[PDB]
Amino acid sequence: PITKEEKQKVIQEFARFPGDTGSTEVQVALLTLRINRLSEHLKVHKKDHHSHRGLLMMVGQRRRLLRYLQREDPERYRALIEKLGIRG
Amino acid sequence: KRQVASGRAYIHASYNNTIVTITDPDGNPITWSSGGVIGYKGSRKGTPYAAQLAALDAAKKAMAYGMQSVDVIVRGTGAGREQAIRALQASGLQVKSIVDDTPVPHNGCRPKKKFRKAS
Amino acid sequence: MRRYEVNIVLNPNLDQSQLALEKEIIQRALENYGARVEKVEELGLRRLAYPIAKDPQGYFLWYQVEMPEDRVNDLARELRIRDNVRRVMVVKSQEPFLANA
Amino acid sequence: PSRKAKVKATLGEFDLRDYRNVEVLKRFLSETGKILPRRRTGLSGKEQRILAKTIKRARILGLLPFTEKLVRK
RNA sequence: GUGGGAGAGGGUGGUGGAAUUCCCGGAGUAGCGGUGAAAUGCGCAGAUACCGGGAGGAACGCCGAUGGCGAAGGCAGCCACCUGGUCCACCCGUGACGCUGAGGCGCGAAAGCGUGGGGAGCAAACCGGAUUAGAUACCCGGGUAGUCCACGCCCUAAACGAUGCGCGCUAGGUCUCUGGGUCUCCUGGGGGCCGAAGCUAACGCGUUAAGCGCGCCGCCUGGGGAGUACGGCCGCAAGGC
Ligand SMILES: CC(=O)c1cccc(N[C@H]2[C@H](N)[C@@](NC(=O)N(C)C)([C@H](C)O)[C@@](C)(O)[C@@]2(O)COC(=O)c2c(C)cccc2O)c1
Ligand SMILES: [Mg+2]
Ligand SMILES: [Mg+2]
Ligand SMILES: [Mg+2]
Ligand SMILES: [Mg+2]
Ligand SMILES: [Mg+2]
Ligand SMILES: [Mg+2]
Ligand SMILES: [Mg+2]
Ligand SMILES: [Mg+2]
Ligand SMILES: [Mg+2]
Ligand SMILES: [Mg+2]
Ligand SMILES: [Mg+2]
Ligand SMILES: [Mg+2]
Ligand SMILES: [Mg+2]
């Protein structure tokens with residue numbers, strides 16, 4: 002599981018400013034976190050199809066948020082990805 | 011011919027025939043009887059009357075080993091389970107106690123079609 | 001680390017030595033598996049509802065720990081190894097749910 | 016009718032999560048190692064729901080029975 | 001985001017007792033079984049009924065529901081780990097980032113297929129008993145594939161609510177599961193029944209719409225011929241589209 006610390010850590014880590022609990026960055030941040038965890042979980046339990054969907058959707062919601070960002074402010078976009086390590 | 015005095019009476023009923031087995035204080039059988047043991051052949055074997063006559067024989071034969079007090083145990087349900095118990099009750103043996111020990115699965119083996127259709 | 005509750009019912013025939021000996025192995029392994037005993041209740045013997053290993057009684061130990069969940073299972077694989085250990089059970093600690101109260 | 020008092024009424028403050036109070040759990044099993052129906056246990060969907068588990072733990076541990084023989088008949 | 005909640009949601013390992021079958025030991029005879037009757041069948045190399053021990057596979061009584069969870073197929077012993085969805089409160093953060101979705105990709109009961117493993121019970125085919133005018137069936141005794149696990153494949157279904165998804169709007173009453181509250185009631189999510197308005201060919205539906213509206217998808221156009229033929233795509237095959 003992602004410890005509360007694990008979480009907030011990443012939050013403050015991206016927040017656009019003190020108190021930013023849900024900018025597009027924070028969200029892409031956290032989503033990326035959950036994904037990688039889950040994705041890891043699935044390297045094993047390749048038969049846990051039911052959890053796959055969760056992933057399928059998290060990926061969706063993320064790539065859909067980034068779209069919005071890229072479209073809005075292309076600069077922040079680059080910054081976020083390069084940082085996070087998305088794409089490829 | 012050992013002289014047990016007090017023992018156990020196992021009544022195994024089914025809709026196909028009943029069968030009483032008189033045992034001793036720790037389980038080992040002294041005498042046994044069934045509807046088949048008595049005259050009754052096929053269908054007739056089930057009948058509660060048979061139960062009675064098998065129940066008696068079961069005890070009468072038990073009396074030989076000097077039986078007197080017995081504990082009844084009932085496995086099953088069917089064409090004359092009670093009768094057997096009642097038959098014993100009189101017989102000439104003191105029925106210390108009766109008990110339903112009929113076995114039941116906590117769902118293990120798919121029964122033959124014969125007994126499925128339910129759920 | 002998460003908080004648990006180990007349950008151990010071992011042979012009710014161990015003599016003062018043999019018995020406090022298995023506790024040794026327990027207490028020992030407990031540690032080896034990050035088990036940090038928060039407390040314990042040793043009810044001792046109790047009339048088992050049904051025979052456990054032909055024996056109709058049992059010796060009950062109760063150790064509430066705090067350990068690395070990533071190894072809770074292994075902690076018991078070990079605990080079970082013992083021959084006198086006839087029952088092991090690690091329960092997730094839980095807030096006592098009261099009722100009719 | 017089934018009205019012979021609720022196994023809940025004849026009782027006090029007990030932690031339904033206590034898989035070791037043989038004293039009290041023993042109260043919810045029938046004349047067999049069977050878990051009494053709510054209509055007798057007098058518990059609630061949620062309570063009767065936990066009791067269940069708690070009783071099953073007891074059985075495993077070896078404290079509570081899985082099934083008793085029936086007397087009389 | 002923070003703080004909470006319920007749950008047979010899923011994946012791995014572990015493990016508990018009941019029962020059947022088999023093997024061993026004890027005690028114990030003449031039967032057992034089975035049916036409308038029977039027979040086959042099993043039993044004196046000793047069966048059945050009873051007791052003690054062992055081995056193995058499979059399923060998980062009570063709780064259990066009129067219940068719950070899931071997108072669907074589906075999901076019930078207990079335990080730990082890994083993990084998905086979802087609801088409530090606070091109204092804290094982003095600031096239209098939304099809906100639908102041809103193609104794609106993934107999932108997808110049962111049966112079925114390939115390799116290996118397993119095999120207690122059940123049981124297509126089959127081998128027998130019976131019933132019948134006949135019995136390639138219905139009843140009875142056996143029993144192989146299979147049913148189980150792994151990995152790969154198939155992808156169908158009364159895959160049903162026979163009811164595509166999302167949002168807004170339109171009397172109530174009652175039972176119920178779960179969350180909050182100022183908790184003999186209010187409020188939110190979910191499951192049922194009755195019913196306003198309205199809708200419907202009728203039956204019925206009726207804030208869980210089949211009502212009133214907007215958006216996007218899929219689909220229909222008399223019956224048989226026919227889910228057939230041809231062609232193409234997929235599949236090891238069966239077969240699918
Ligand atoms: C007395 C009885 O039940 C009986 C007697 C002779 C023959 C039979 N044939 C029976 C026959 N044993 C039957 N199965 C059976 O034993 N059952 C547990 C129902 C067949 C072999 O599958 C049957 C279904 O054809 C049957 O039950 C129907 O027969 C009659 O209803 C029937 C009757 C009632 C009278 C005359 C001819 C008949 O076909 C039964
Ligand atoms: Mg969860
Ligand atoms: Mg705000
Ligand atoms: Mg602003
Ligand atoms: Mg299959
Ligand atoms: Mg196969
Ligand atoms: Mg069979
Ligand atoms: Mg057959
Ligand atoms: Mg399939
Ligand atoms: Mg509602
Ligand atoms: Mg009207
Ligand atoms: Mg209605
Ligand atoms: Mg035409
Ligand atoms: Mg081809």
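Protein sequences appear in the order of chains O, K, F and R.
The authors' numbering puts the first residue of the first sequence at 2, with every later residue one more than the last.
The authors' numbering puts the first residue of the second sequence at 11, with every later residue one more than the last.
The authors' numbering puts the first residue of the third sequence at 1, with every later residue one more than the last.
The authors' numbering puts the first residue of the fourth sequence at 16, with every later residue one more than the last.
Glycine residues also receive a C-beta, built at the ideal position from the N, C-alpha and C atoms.
What residues from chain F crowd round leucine 85 (chain R), counting only those whose CB sits closer than 9 Å? Per Cβ cutoff of 9 Å: no residues; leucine 85 (chain R) is ~16 Å from chain F at best.
Figure out for me which residue from K:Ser79, K:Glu92, K:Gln99 and K:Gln104 has the closest Cα to the Cα of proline 35 (chain K). K:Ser79
In three-state terms, what does DSSP make of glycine 102 (chain K)? coil
How about the region 94–101 of chain F and the region 17–34 of chain R: do they share at least three Cβ pairs that are nearer than 8 Å? yes
For residue 2 (chain K), return the contacting residues in chain R, with the cut-off set at a CB-CB distance below 9 Å. Residue numbering for chain K in the displayed model covers 11 to 129; residue 2 (chain K) lies beyond these limits and cannot be assessed.
According to the neighbour-count rule (16 or more other Cβ atoms, all chains shown, within 10 Å of its Cβ), is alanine 61 (chain K) buried or exposed? buried
Could you spell out where the beta strand (DSSP E) holding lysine 92 (chain F) opens and where it closes? 85–92
Exposed or buried, which one is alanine 20 (chain F) when buried takes at least 16 other CB atoms within 10 Å? exposed
For the alpha helix (DSSP H) that contains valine 6 (chain F), what are its first and last residues? That residue, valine 6 (chain F), is in no alpha helix (DSSP H); its beta strand (DSSP E) goes 2–10.
Proximal chain R residues relative to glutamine 94 (chain F), where beta-carbon distance stays under 7 Å: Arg32
Span of the alpha helix (DSSP H) around residue 131 (chain K): Missing from the structure shown is residue 131 (chain K); chain K here goes from 11 to 129 and no further.
Proximity test, Cβ basis, 8 Å: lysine 88 (chain R) and chain K: yes
Please state the DSSP three-state secondary structure of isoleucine 82 (chain O). helix
Please name the residue, chosen from K:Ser43, K:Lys71, K:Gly90 and K:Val47, that lies closest to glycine 102 (chain K) on a Cα-to-Cα basis. K:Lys71
Top-ranked residue by Cα proximity to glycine 55 (chain O), from O:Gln13, O:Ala80 and O:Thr33: O:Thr33
Cutoff 8 Å: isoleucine 108 (chain K) Cβ touching any chain R Cβ: yes
Among F:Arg47, F:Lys23, F:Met1 and F:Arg86, which one has its Cα closest to the Cα of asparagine 11 (chain F)? F:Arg86
Classify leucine 43 (chain O) as helix, strand or coil using the three-state DSSP reduction. helix
Over what stretch of residues does the beta strand (DSSP E) that includes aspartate 81 (chain K) continue unbroken? 79–86
Flag this pair as yes or no: are the beta carbons of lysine 21 (chain R) and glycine 57 (chain R) separated by less than 8 Å? yes
Run through DSSP, which three-state label would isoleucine 70 (chain R) get? helix
Would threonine 33 (chain K) be called buried (16 or more neighbouring beta carbons within 10 Å of its own) or exposed? buried
Please report whether the beta-carbon of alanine 76 (chain F) lies at a distance below 8 Å from any beta-carbon of chain R. no
Where does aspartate 83 (chain F) land, buried or exposed, given buried means 16+ other C-beta within 10 angstroms? exposed
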